[PDB]
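Participant: sequence, then structure. It's an experimental one.
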Amino acid sequence: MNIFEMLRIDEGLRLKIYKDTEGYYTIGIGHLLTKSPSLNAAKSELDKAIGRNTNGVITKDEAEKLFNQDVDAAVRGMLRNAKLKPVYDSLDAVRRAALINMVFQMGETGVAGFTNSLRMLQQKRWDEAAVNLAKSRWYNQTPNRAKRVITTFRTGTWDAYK
Ligand SMILES: [Cl-]
Ligand SMILES: [Cl-]
């Protein structure tokens with residue numbers, strides 16, 4: 001199992017523009033298009049992303065291509081993030097995946113704000129972090145997804161994903 005799979009599980013795959021759990025226009029494998037309330041805006045941002053006149057629908061390959069870009073960008077962002085980098089580097093491979101998941105869902109900034117948890121993760125205080133991580137909006141909004149990631153950080157395994 002790996003990040004792509006892991007994120008393909010949490011995010012799903014949709015070939016037609018849709019609203020995310022927050023109501024934002026999204027497409028593909030959790031590819032946010034816009035925070036705008038306008039579907040035209042989203043159709044536009046879509047076409048710009050694809051390089052074609054899509055009409056709110058893309059192929060799977062297209063989806064996968066956006067997905068690749070997004071994973072790459074997320075990593076790269078993390079690595080350029082002073083609060084993030086260090087934690088990331090301290091982690092083992094599985095847990096790194098858990099962090100990237102979060103980052104993809106929530107944005108580096110979003111994630112860089114879980115200071116306490118971040119710190120606990122860095123100290124490898126798994127149970128503590130898992131509890132800390134759970135005191136969050138994120139957990140309360142998307143409990144299941146959140147629990148998956150939390151287990152992964154706590155256990156260092158893919159269990160939650162099997
Ligand atoms: Cl893009
Ligand atoms: Cl959920």
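Facilitator: Received it, and whenever you're ready, just let me know what you need. Numbering: from 1, shown residues only. Ligands and ions are numbered 1, 2, ... in the order given.
Participant: look at residue 103 and give its secondary structure.
Facilitator: helix (DSSP: H, G, I helix; E, B strand; the rest coil).
Participant: which parts of this protein are helices?
Facilitator: 3-11, 39-50, 60-79, 84-90, 93-112, 115-122, 126-134, 137-141, 143-155 (DSSP state H).
Participant: what's the closest of these to residue 24?
Facilitator: helix 39-50 (8.6 Å; Cβ to Cβ). Where C-beta positions appear, they are placed from N, C-alpha and C, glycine not excepted.
Participant: dihedrals phi and psi, the nearest residue to residue 11 once chain neighbours are set aside?
Facilitator: Nearest non-adjacent residue to residue 11, counting by Cβ to Cβ, 6 or more residues apart in numbering: residue 30, 3.4 Å away. Backbone torsions for residue 30, taken as degrees, to the nearest 10, come to phi 70, psi 30.
Participant: can you report how many residues lie near residue 133?
Facilitator: 24 (other Cβ atoms under 10 Å).
Participant: which residues does the closest residue to it other than its chain neighbours contact?
Facilitator: Nearest residue to residue 133, sequence neighbours excluded (Cβ to Cβ, 6+ apart): residue 117, at 4.7 Å. Counting by Cβ atoms under 8 Å, 6 or more residues apart in numbering, residue 117 touches 129, 132, 133.
Participant: nearest to ligand 2 among these?
Facilitator: Using Cβ to the ion, residue 133 comes nearest to ligand 2 of those, at 14.2 Å.
Participant: hmm, that closest one is touching residue 153, no?
Facilitator: Yes: the pair residue 133 and residue 153 passes the contact test of Cβ atoms under 8 Å, sitting 6.9 Å apart.
Participant: follow-up on the earlier one: in CSV: the helices of the chain, plus distance to ligand 2.
Facilitator: Below are these laid out as CSV (distance: least, Cβ to the ion, whole Å):
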stretch, distance to ligand 2
helix 3-11, 8
helix 39-50, 23
helix 60-79, 19
helix 84-90, 23
helix 93-112, 10
helix 115-122, 18
helix 126-134, 13
helix 137-141, 8
helix 143-155, 4
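Participant: out of the ones you listed, flag the one nearest residue 22.
Facilitator: Proximity of these to residue 22 was assessed by Cβ to Cβ; the nearest stretch is helix 137-141, lying at 8.1 Å.
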